[PDB]
$ cat start_7.txt   # compact mmCIF, C-alpha atoms
# COMPACT_ATOMS: atom_id res chain seq x y z
CA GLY S 80 5.19 4.41 162.57
CA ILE S 81 1.81 5.99 161.69
CA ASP S 82 -1.67 4.66 161.12
CA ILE S 83 -3.29 4.19 157.77
CA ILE S 84 -5.45 7.32 158.04
CA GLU S 85 -2.54 9.57 159.00
CA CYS S 86 -0.55 7.97 156.14
CA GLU S 87 -3.34 8.58 153.63
CA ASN S 88 -3.54 12.17 154.76
CA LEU S 89 0.23 12.56 154.43
CA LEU S 90 0.27 11.38 150.83
CA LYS S 91 -2.74 13.59 150.01
CA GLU S 92 -1.23 16.68 151.58
CA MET S 93 2.13 15.99 149.77
CA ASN S 94 0.35 15.51 146.46
CA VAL S 95 2.50 12.59 145.37
CA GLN S 96 1.59 9.71 143.08
CA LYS S 97 2.78 6.18 142.71
CA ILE S 98 5.63 5.74 140.29
CA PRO S 99 4.57 4.70 136.76
CA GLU S 100 5.04 1.28 135.34
CA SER S 101 8.34 0.57 133.57
CA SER S 102 10.31 -2.48 132.55
CA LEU S 103 12.81 -1.89 135.36
CA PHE S 104 10.05 -1.58 137.99
CA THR S 105 8.32 -4.69 136.61
CA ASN S 106 11.55 -6.69 136.82
CA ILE S 107 12.32 -5.62 140.38
CA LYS S 108 8.74 -6.25 141.63
CA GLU S 109 9.01 -9.82 140.24
CA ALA S 110 12.25 -10.33 142.18
CA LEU S 111 10.86 -8.92 145.35
CA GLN S 112 8.20 -11.66 145.49
CA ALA S 113 10.70 -14.40 146.37
CA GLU S 114 14.32 -13.84 145.36
CA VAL S 115 16.88 -13.38 148.09
CA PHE S 116 19.34 -10.52 147.54
CA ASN S 117 22.22 -11.59 145.33
CA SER S 118 24.82 -10.25 142.87
CA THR S 119 22.55 -10.69 139.86
CA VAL S 120 19.39 -9.03 141.21
CA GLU S 121 21.60 -6.32 142.66
CA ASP S 122 22.21 -5.22 139.05
CA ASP S 123 18.42 -5.00 138.54
CA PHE S 124 18.10 -3.13 141.88
CA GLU S 125 20.86 -0.62 141.07
CA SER S 126 19.40 -0.03 137.53
CA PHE S 127 15.96 0.58 139.01
CA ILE S 128 17.04 2.90 141.89
CA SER S 129 19.35 4.90 139.63
CA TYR S 130 16.61 5.24 136.96
CA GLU S 131 14.07 6.44 139.47
CA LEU S 132 16.36 8.93 141.11
CA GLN S 133 17.53 10.24 137.67
CA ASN S 134 14.04 10.60 136.20
CA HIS S 135 11.62 11.01 139.07
CA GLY S 136 13.85 12.35 141.85
CA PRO S 137 13.27 11.51 145.53
CA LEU S 138 11.08 8.46 146.18
CA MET S 139 8.78 8.08 149.12
CA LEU S 140 8.52 4.44 150.27
CA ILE S 141 5.48 3.45 152.33
CA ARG S 142 5.89 0.03 153.89
CA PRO S 143 4.32 -1.99 156.64
CA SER S 144 5.71 -1.72 160.22
CA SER S 147 1.45 -3.26 164.12
CA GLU S 148 -0.96 -2.29 161.31
CA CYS S 149 1.20 0.85 161.29
CA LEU S 150 3.12 2.11 158.32
CA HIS S 151 6.55 3.64 157.90
CA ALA S 152 7.24 6.42 155.43
CA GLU S 153 10.91 6.62 154.29
CA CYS S 154 12.38 8.73 151.46
CA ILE S 155 15.08 7.43 149.10
CA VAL S 156 17.30 10.33 147.95
CA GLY S 157 20.62 8.96 146.76
CA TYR S 158 22.65 5.98 145.60
CA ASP S 159 26.33 5.07 145.78
CA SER S 160 27.34 2.17 143.50
CA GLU S 161 30.88 2.14 144.81
CA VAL S 162 29.85 1.05 148.33
CA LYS S 163 26.40 -0.44 147.46
CA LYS S 164 24.38 1.81 149.72
CA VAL S 165 21.23 3.86 149.40
CA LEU S 166 20.74 7.29 151.04
CA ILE S 167 17.51 7.34 153.01
CA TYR S 168 15.44 9.48 155.34
CA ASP S 169 13.60 7.72 158.21
CA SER S 170 11.10 10.55 158.26
CA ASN S 172 14.74 12.09 160.79
CA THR S 173 16.59 15.38 160.28
CA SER S 174 19.47 13.97 158.27
CA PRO S 175 19.42 11.04 155.87
CA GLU S 176 21.65 8.01 156.34
CA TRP S 177 23.40 5.52 154.08
CA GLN S 178 21.79 2.02 154.29
CA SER S 179 23.03 -1.23 152.75
CA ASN S 180 21.47 -2.41 149.50
CA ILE S 181 20.41 -5.64 151.22
CA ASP S 182 18.53 -3.72 153.92
CA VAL S 183 16.77 -1.52 151.38
CA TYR S 184 15.92 -4.47 149.15
CA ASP S 185 14.40 -6.22 152.19
CA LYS S 186 12.32 -3.08 152.86
CA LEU S 187 11.01 -3.04 149.31
CA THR S 188 10.13 -6.78 149.72
CA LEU S 189 7.85 -5.72 152.60
CA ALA S 190 6.21 -2.98 150.52
CA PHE S 191 5.66 -5.03 147.36
CA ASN S 192 5.21 -8.64 148.50
CA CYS S 200 -1.73 -2.56 152.02
CA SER S 201 -2.99 -0.76 148.91
CA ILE S 202 -1.13 2.38 150.10
CA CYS S 203 2.25 0.63 150.28
CA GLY S 204 4.65 1.34 147.47
CA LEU S 205 6.84 3.99 145.96
CA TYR S 206 5.76 7.55 145.22
CA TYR S 207 7.26 10.58 143.52
CA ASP S 208 6.64 14.30 143.59
CA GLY S 209 6.30 16.42 140.49
CA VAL S 210 7.72 19.39 142.41
CA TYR S 211 11.12 17.61 142.73
CA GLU S 212 11.13 15.96 139.30
CA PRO S 213 14.61 16.35 137.68
$ encode --input "start_7.txt" --output "structure tokens"
Amino acid sequence: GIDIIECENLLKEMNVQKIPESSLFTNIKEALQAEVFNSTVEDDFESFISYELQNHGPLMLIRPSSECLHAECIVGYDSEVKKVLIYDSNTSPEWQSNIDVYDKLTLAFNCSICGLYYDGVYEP
């Protein structure tokens, strides 16, 4: 992982911004406070991830690690197998289970810098 200052500098140099508020993002952030992964919130999760990938494109997730942070990039979704395609940013992205990704978002949203970011350069 990387320290806060290196992380701040990364986001600045990338020129990314936090994703905007939406009903789907509101609903998922509520769930992430306390709800364990389940079939019902999975629908909310899939709706949110698909919406963000469709409208904003790749999403950079900054989450806590030490006081170190991890930057990961969400870049795909497969509803058939319930997996998310993610870079641990190394060279090639990998498919991760929805439960693992949901648990990562719980860390990021349950650290002002933590959250999800998008890049206007890659906006669909």
$ closest_residue --input "start_7.txt" --among "S:135, S:130, S:201, S:178" --to "residue 102 (chain S)" --atoms "only C-alpha atoms"
S:130
$ atom_distance --input "start_7.txt" --atom1 "CA of residue 183 (chain S)" --atom2 "CA of residue 204 (chain S)"
13.1 Å
$ closest_residue --input "start_7.txt" --among "S:126, S:167, S:200, S:141" --to "residue 95 (chain S)" --atoms "all atoms listed in the file"
S:141
$ closest_residue --input "start_7.txt" --among "S:205, S:161, S:136, S:187" --to "residue 109 (chain S)" --atoms "all atoms listed in the file"
S:187
$ closest_residue --input "start_7.txt" --among "S:170, S:192, S:129, S:96" --to "residue 114 (chain S)" --atoms "all atoms listed in the file"
S:192
$ residues_around --input "start_7.txt" --residues "region 87-92 of chain S" --least-positions-apart "6" --cutoff "10 Å" --atoms "only C-alpha atoms" --output "list in words"
residues 81, 139, 141, 152, 202 and 206 of chain S
$ write_last_selection --input "start_7.txt" --atoms "C-alpha atoms" --output "short mmCIF file (atom, residue, chain, number, x, y, z; two decimals), keeping the file's coordinate frame"
data_model
loop_
_atom_site.label_atom_id
_atom_site.label_comp_id
_atom_site.auth_asym_id
_atom_site.auth_seq_id
_atom_site.Cartn_x
_atom_site.Cartn_y
_atom_site.Cartn_z
CA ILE S 81 1.81 5.99 161.69
CA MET S 139 8.78 8.08 149.12
CA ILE S 141 5.48 3.45 152.33
CA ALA S 152 7.24 6.42 155.43
CA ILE S 202 -1.13 2.38 150.10
CA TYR S 206 5.76 7.55 145.22
#
$ residues_near_point --input "start_7.txt" --point "(20.2, 11.3, 152.9)" --cutoff "9 Å" --atoms "all atoms listed in the file" --output "list in words"
residues 154, 155, 156, 157, 165, 166, 167, 168, 174, 175, 176 and 177 of chain S
$ closest_residue --input "start_7.txt" --among "S:113, S:184, S:86, S:97" --to "residue 128 (chain S)" --atoms "only C-alpha atoms"
S:184
$ decode --input "start_7.txt" --residues "region 108-132 of chain S" --atoms "N, CA, C and O atoms" --output "CSV table (one decimal), in the first residue's frame"
chain,number,residue,atom,x,y,z
S,108,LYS,N,-24.3,2.8,-0.1
S,108,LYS,CA,-23.5,3.4,1.1
S,108,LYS,C,-24.2,3.1,2.4
S,108,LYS,O,-23.5,2.7,3.4
S,109,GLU,N,-25.5,3.1,2.4
S,109,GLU,CA,-26.4,2.7,3.6
S,109,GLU,C,-26.1,1.3,3.9
S,109,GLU,O,-25.8,0.9,5.1
S,110,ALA,N,-26.2,0.4,3.0
S,110,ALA,CA,-25.9,-1.0,3.2
S,110,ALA,C,-24.6,-1.3,3.7
S,110,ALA,O,-24.3,-2.2,4.6
S,111,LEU,N,-23.6,-0.6,3.2
S,111,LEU,CA,-22.2,-0.9,3.5
S,111,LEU,C,-22.0,-0.5,5.0
S,111,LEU,O,-21.0,-1.0,5.5
S,112,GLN,N,-22.8,0.2,5.7
S,112,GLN,CA,-22.6,0.6,7.1
S,112,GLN,C,-22.7,-0.6,8.0
S,112,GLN,O,-22.0,-0.7,9.0
S,113,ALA,N,-23.5,-1.6,7.6
S,113,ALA,CA,-23.8,-2.7,8.6
S,113,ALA,C,-24.3,-4.0,8.0
S,113,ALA,O,-24.4,-5.0,8.7
S,114,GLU,N,-24.8,-4.0,6.8
S,114,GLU,CA,-25.4,-5.2,6.2
S,114,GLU,C,-24.5,-6.2,5.7
S,114,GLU,O,-23.6,-5.8,4.9
S,115,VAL,N,-24.5,-7.4,6.1
S,115,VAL,CA,-23.7,-8.4,5.5
S,115,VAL,C,-24.1,-8.7,4.1
S,115,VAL,O,-25.3,-8.6,3.7
S,116,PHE,N,-23.2,-9.2,3.2
S,116,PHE,CA,-23.6,-9.5,1.8
S,116,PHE,C,-24.6,-10.6,1.8
S,116,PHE,O,-24.6,-11.5,2.5
S,117,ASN,N,-25.6,-10.3,0.9
S,117,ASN,CA,-26.8,-11.2,0.8
S,117,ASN,C,-27.4,-11.1,-0.6
S,117,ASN,O,-27.0,-10.2,-1.3
S,118,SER,N,-28.4,-12.0,-0.9
S,118,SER,CA,-29.0,-12.0,-2.2
S,118,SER,C,-29.7,-10.7,-2.6
S,118,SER,O,-29.8,-10.3,-3.7
S,119,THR,N,-30.2,-10.0,-1.6
S,119,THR,CA,-31.0,-8.8,-1.8
S,119,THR,C,-30.1,-7.6,-2.0
S,119,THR,O,-30.3,-6.9,-3.0
S,120,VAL,N,-29.2,-7.4,-1.1
S,120,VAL,CA,-28.2,-6.3,-1.4
S,120,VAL,C,-27.3,-6.5,-2.6
S,120,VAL,O,-26.9,-5.6,-3.2
S,121,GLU,N,-27.1,-7.8,-3.0
S,121,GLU,CA,-26.4,-8.0,-4.2
S,121,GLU,C,-27.1,-7.4,-5.4
S,121,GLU,O,-26.4,-6.9,-6.3
S,122,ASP,N,-28.4,-7.4,-5.4
S,122,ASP,CA,-29.1,-6.6,-6.5
S,122,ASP,C,-28.8,-5.2,-6.5
S,122,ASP,O,-28.5,-4.6,-7.6
S,123,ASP,N,-28.7,-4.6,-5.3
S,123,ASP,CA,-28.4,-3.1,-5.2
S,123,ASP,C,-26.9,-2.9,-5.7
S,123,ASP,O,-26.6,-2.0,-6.4
S,124,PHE,N,-26.0,-3.8,-5.2
S,124,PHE,CA,-24.6,-3.8,-5.6
S,124,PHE,C,-24.4,-3.9,-7.1
S,124,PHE,O,-23.7,-3.1,-7.7
S,125,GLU,N,-25.1,-4.9,-7.7
S,125,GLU,CA,-25.0,-5.1,-9.2
S,125,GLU,C,-25.5,-3.9,-9.9
S,125,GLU,O,-24.9,-3.4,-10.8
S,126,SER,N,-26.6,-3.3,-9.5
S,126,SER,CA,-27.2,-2.1,-10.1
S,126,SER,C,-26.3,-0.9,-10.0
S,126,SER,O,-26.1,-0.2,-11.0
S,127,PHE,N,-25.6,-0.8,-8.9
S,127,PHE,CA,-24.7,0.3,-8.7
S,127,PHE,C,-23.4,0.2,-9.5
S,127,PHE,O,-23.0,1.1,-10.3
S,128,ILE,N,-22.8,-1.0,-9.5
S,128,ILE,CA,-21.6,-1.2,-10.2
S,128,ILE,C,-21.8,-1.1,-11.7
S,128,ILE,O,-21.1,-0.4,-12.4
S,129,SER,N,-22.9,-1.7,-12.2
S,129,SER,CA,-23.2,-1.6,-13.6
S,129,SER,C,-23.5,-0.1,-14.0
S,129,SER,O,-23.1,0.3,-15.1
S,130,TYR,N,-24.2,0.6,-13.3
S,130,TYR,CA,-24.5,2.0,-13.5
S,130,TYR,C,-23.2,2.8,-13.6
S,130,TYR,O,-23.0,3.6,-14.5
S,131,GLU,N,-22.3,2.6,-12.7
S,131,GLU,CA,-21.1,3.4,-12.6
S,131,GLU,C,-20.2,3.0,-13.8
S,131,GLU,O,-19.7,3.9,-14.5
S,132,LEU,N,-20.1,1.7,-14.1
S,132,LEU,CA,-19.3,1.4,-15.2
S,132,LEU,C,-19.8,1.9,-16.6
S,132,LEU,O,-19.1,2.4,-17.5
